[PDB]
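Participant: return a 3D structure for these sequence lines:
(chains A, B, C, D and E)
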Amino acid sequence: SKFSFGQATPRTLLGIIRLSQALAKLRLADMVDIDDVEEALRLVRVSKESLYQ
Amino acid sequence: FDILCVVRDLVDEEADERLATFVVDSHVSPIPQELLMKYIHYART
Amino acid sequence: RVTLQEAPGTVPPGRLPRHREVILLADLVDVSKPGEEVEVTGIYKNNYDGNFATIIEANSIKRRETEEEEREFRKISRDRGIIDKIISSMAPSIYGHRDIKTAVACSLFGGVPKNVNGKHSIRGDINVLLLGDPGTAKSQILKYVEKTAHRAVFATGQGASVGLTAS
Amino acid sequence: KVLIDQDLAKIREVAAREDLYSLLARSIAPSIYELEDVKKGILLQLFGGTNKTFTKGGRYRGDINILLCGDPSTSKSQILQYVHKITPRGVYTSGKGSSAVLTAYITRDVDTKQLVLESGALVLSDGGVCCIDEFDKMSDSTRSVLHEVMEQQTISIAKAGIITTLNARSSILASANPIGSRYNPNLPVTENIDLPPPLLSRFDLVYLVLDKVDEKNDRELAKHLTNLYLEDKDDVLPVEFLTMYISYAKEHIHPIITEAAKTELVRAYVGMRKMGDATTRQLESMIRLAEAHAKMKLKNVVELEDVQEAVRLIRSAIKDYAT
Amino acid sequence: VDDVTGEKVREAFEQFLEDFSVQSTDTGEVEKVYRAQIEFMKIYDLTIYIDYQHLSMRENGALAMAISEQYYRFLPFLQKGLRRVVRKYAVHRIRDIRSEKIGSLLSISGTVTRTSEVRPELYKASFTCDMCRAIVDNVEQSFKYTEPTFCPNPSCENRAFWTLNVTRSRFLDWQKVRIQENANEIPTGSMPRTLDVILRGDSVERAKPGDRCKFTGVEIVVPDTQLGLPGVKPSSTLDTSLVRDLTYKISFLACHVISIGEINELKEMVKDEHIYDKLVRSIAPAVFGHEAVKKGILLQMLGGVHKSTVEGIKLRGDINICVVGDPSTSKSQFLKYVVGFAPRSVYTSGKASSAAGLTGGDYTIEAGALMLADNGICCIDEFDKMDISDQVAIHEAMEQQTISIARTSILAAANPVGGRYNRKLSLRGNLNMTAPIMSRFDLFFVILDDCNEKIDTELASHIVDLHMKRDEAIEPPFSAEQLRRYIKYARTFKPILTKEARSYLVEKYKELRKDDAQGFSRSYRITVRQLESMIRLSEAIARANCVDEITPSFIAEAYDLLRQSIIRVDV
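Facilitator: Numbers count the residues shown, from 1 in each chain, chains lettered A, B, ... in the order given. See the structure here:
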């Protein structure tokens, strides 16, 4: 019952895939790359646990 | 409240005898109930 | 004209009641009152034509349960030992308990408020509390009270009914 | 709009397959690669029991009701919707949107301006399997009506409009979530589930979904789900063979439970009764589950075999009740 | 034209009914079954009961396929032929209704909803003008309220009109219910359909909301929101200033509606002696185990005496049995057999029911699963799931036998707190109830089981052999129907006890209280009610024995019944 949750659902992965999909849509080129999904992981690790300060 | 009638429960042998025998009589001088009903209605008015 | 509907007491259990019309005439004007049962002696007719509904005109209203009758009554009421006899004639089902039976017999018999001419009225009722015990037929006594007395509505234990507060 | 038989030999070809118990169950839900016992129970839910009525009294249907619950990240709801898809007359309900008045849909008419009495959701479940979500989150009226269904399989209508009962049989199947986010060990199963214990043991079989700390199941999980997510979509996958097989096997298959099985029944029953401190409820469970498997694979008689795993399916849950 | 066709059909059917009705021999009815039907009617003075097959017997359907198309055409012909016989001697659904079905015969089943009142009819307009001879009587009666006829033959004209005589006529009563379609035939995603049906004459009040019935084949259409429907609406511009227009709907009418959907054996059952013991094992063959609970159930099946007194208070005649047992014992099967066999039975483990579940000016209070068990047993499970006010209402129904704003016996099924009974603990700490409702209860029947391979295998073998369709025909010594016939004859006994052992019952009560006066450690402050219940138990045992004037042996049996009934509680 700490700041972090217990389990990770597969919908988390479904959401981050759709998120990186939209990130590729902002490139307007269908150029799904490593940074495309890396930005999707960045808004997850930064979206959560922003209560450090 | 005005009156407080309280009954008691204690082991009486003869009261149980009378109770059971009158119960038997109940499954078998006082005013009949028609006269007492005319009594209270005629009296209270 | 008085509307009358079926009595919820002798309804077959679960079905719904129906209606019928009752019309009053001269000495019977406004005899019933809402919240009652009734037994009427009616003649049955129907309407003529509309441009058949039946209407019951009623003759004798009796509610559901003489000179020599009060003077022969007074020939007996003159005695002395009617005090213990009232309790002895009050409730023959459970035999004893003369004191509480005499107090209950005194309760329904009434009191007088006696309003002073112009000044004030005090109180006119007798208040009876009877602290029971499981294992007592004390309820049977009050059922005798309801059948012998005039107007008695049994007020339930907790919200199951009528509710004594008009609203 | 559209009140332009012969396939039976292929049915018997697949019926003559030795690996039918894995081919049929494995081809049901390709989304999860586990719960093979649960998938077998789901398969038996349509092949449930022999509707045995006695000479006087009796009238024992073949209804079985199994709830599964546990930890999240299992896509249990997608499983239940898939069950709703398999059921030809499936009803998928949920929690907190029901009342006693899934039944008794009495309402007012519009054009005729009257009060017309209507049938509920479980009446739509008359014959088949019902689906309920968040079973722990029902109301006071909801989940209490289910006693009549689990016991009498009837509906009692008795108010001023219509005083008349009727039966509506189904296969009730539901899911719910426990109190704690993680099911902890060394704790009672009846405790960590918001269910009434008389109804809890009244159910046929109870399942437990737990979280695992492995890596291998997470790799096959993520490769499987990545392939299911990618491209937006060596096994024989009959989509409709089983669908017509169950319909054909519903009337044309009558499994008989004769004498030879009773020896093994009492033989297993004494060892089952040895655990105590097991009631007749478990005996009725095993006899309705053994004949359920006997309805599978087109067997009109009972066999001394198929009873070992029939008992073991119940015993797997029972060994999970140690803590 | 139609007069000739209907007259030939009429004479052939009159000959048909005048011929044989049923082919059966002297063993049974021989001939003239409809003639015996009319003679049966002469005995009762009601109607006609006709079969579709019997009308289909003589002309091999030639006459049946004459009537089954235009019956409306052949109503007066059918009445006139029957009238001359009198003076001579004294399944489809709603979707199967078309316009070709008018006048024809089709049977429809369904769901009865919204019964209606009783209203009389007319069909006897005696309406004539102001002229002296105002004594006509229009032979019209159609679906029109046109009482006065135009052409009389008095000096009065057609415009001269007066009211219809409501005193010289023959009327009939009828109701108008609207049947609902079954829910077992509607497809998925489909709402129910409605249809009107008219119930005419003698067969009135036979309806019941929520029933499956078979109907008369005839059908009508009644003349008439159906404005701007659209549709070509007809008008009544006859051929030659400017009548109304019309748009109708399909209705239904009927005349015959069915509502479907031994002295020597009793002598054999009463001249015997072992019949009590025979009735012991002949109650619950589905249950394999003990039998004393079946004893209390059997005695519950026979009512008490409930005799009258003077106008103050009459004595009641009912018994109350409440059984609490160990969880997972297939106790619901016990309950299910009780409700499955006993008449006037309503089963409920009521928790989903409202607070009223345990109990322009419609005032309809609902029934409640408890109040509707008049002259029946209302068995309720899981008392712990209910509150204390309900328990008070239980005491209400159990004492006044009324509810003021229920003439029932209540069966119970309770459970332990810890699930099991602690033998070192007392019984009062395990019922989970208060003192007066416990004292109101007559019998308890505590049942607890252990593990033993002999009893578990024998009872399990008996129940599994019941599920074995082979040998599931175990025979109780009595059948269920001769048993119920025996109960019906058994309630007609009315025992008058005229025995001196009434005093023996009194000292028996004294010794019943002196021993109970000793040892208040393990659980009772014995109630007067216990004694009165002992009276009624000794009444009904001899009632089960077909014995009037209850013997002291029966008293001792009821005494030992309550004696070991309380010792089983006494631990």
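Participant: any idea how far residue E:417 is from the residue nearest to residue E:218 when sequence neighbours are not counted?
Facilitator: Of all residues beyond its chain neighbours, the one nearest residue E:218 is residue E:71 (5.0 Å), with distances taken as CB to CB, 6 or more residues apart in numbering or on different chains. To be clear about C-beta, it is placed using only N, CA and C from the backbone, and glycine gets the same treatment. Distance of residue E:71 to residue E:417, computed by CB to CB, to the nearest Å: 70 Å.
Participant: and what of residue D:148?
Facilitator: 26 Å.
Participant: for residue D:236, same thing?
Facilitator: For residue D:236, the distance to residue E:417 - CB to CB - is 55 Å.
Participant: now the helices for chain D?
Facilitator: D:8-15, D:20-26, D:36-46, D:76-86, D:146-151, D:197-200, D:216-229, D:241-252, D:260-274, D:280-295, D:307-319 (DSSP state H).
Participant: ok, chain B next?
Facilitator: Going by DSSP H, chain B shows helices at B:13-27, B:33-44.
Participant: do the first one and chain E meet?
Facilitator: When you say that, I think you mean helix B:13-27. Yes. Using CB under 8 Å from any CB of the partner chain, helix B:13-27 reaches chain E at B:13, B:16, B:17, B:19, B:20, B:21, B:23, B:24, B:26, B:27.
Participant: the last one too?
Facilitator: Yes. Using CB under 8 Å from any CB, a contact is recorded between helix B:33-44 and chain E, made by residue B:33.
Participant: check stretch C:64-84 too.
Facilitator: No. Stretch C:64-84 lies out of reach of chain E by CB under 8 Å from any CB, never closer than 9.5 Å.
Participant: just the CA coordinates of that stretch, formatted as PDB?
Facilitator: C-alpha atoms of stretch C:64-84 as PDB (Å, rounded to 0.1, in the frame of the first residue of the first chain):
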ATOM      1  CA  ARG C  64     -70.300  -4.600  12.100                       C
ATOM      2  CA  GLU C  65     -69.800  -5.800  15.600                       C
ATOM      3  CA  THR C  66     -86.000  -0.300  25.700                       C
ATOM      4  CA  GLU C  67     -87.900   1.000  28.700                       C
ATOM      5  CA  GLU C  68     -88.100  -2.300  30.500                       C
ATOM      6  CA  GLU C  69     -84.500  -2.900  29.400                       C
ATOM      7  CA  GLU C  70     -83.100  -0.200  31.500                       C
ATOM      8  CA  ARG C  71     -85.500  -0.500  34.400                       C
ATOM      9  CA  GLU C  72     -85.100  -4.200  34.900                       C
ATOM     10  CA  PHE C  73     -81.500  -3.300  34.600                       C
ATOM     11  CA  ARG C  74     -81.900  -0.900  37.500                       C
ATOM     12  CA  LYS C  75     -83.600  -3.600  39.600                       C
ATOM     13  CA  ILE C  76     -80.300  -5.500  39.700                       C
ATOM     14  CA  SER C  77     -77.900  -2.500  39.700                       C
ATOM     15  CA  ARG C  78     -79.100  -1.600  43.300                       C
ATOM     16  CA  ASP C  79     -77.000  -4.200  45.000                       C
ATOM     17  CA  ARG C  80     -73.900  -3.800  47.100                       C
ATOM     18  CA  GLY C  81     -71.500  -6.600  46.200                       C
ATOM     19  CA  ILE C  82     -71.000  -5.600  42.600                       C
ATOM     20  CA  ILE C  83     -67.400  -4.500  43.300                       C
ATOM     21  CA  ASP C  84     -65.800  -7.900  43.400                       C
END
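Participant: how much space separates residue D:20 from residue D:27?
Facilitator: For residue D:20, the distance to residue D:27 - CB to CB - is 10 Å.
Participant: neighbour count winner among those two?
Facilitator: residue D:27 (16 against 13; other CB atoms under 10 Å in any protein chain shown).
Participant: I'm done for today, thanks for sticking with me.
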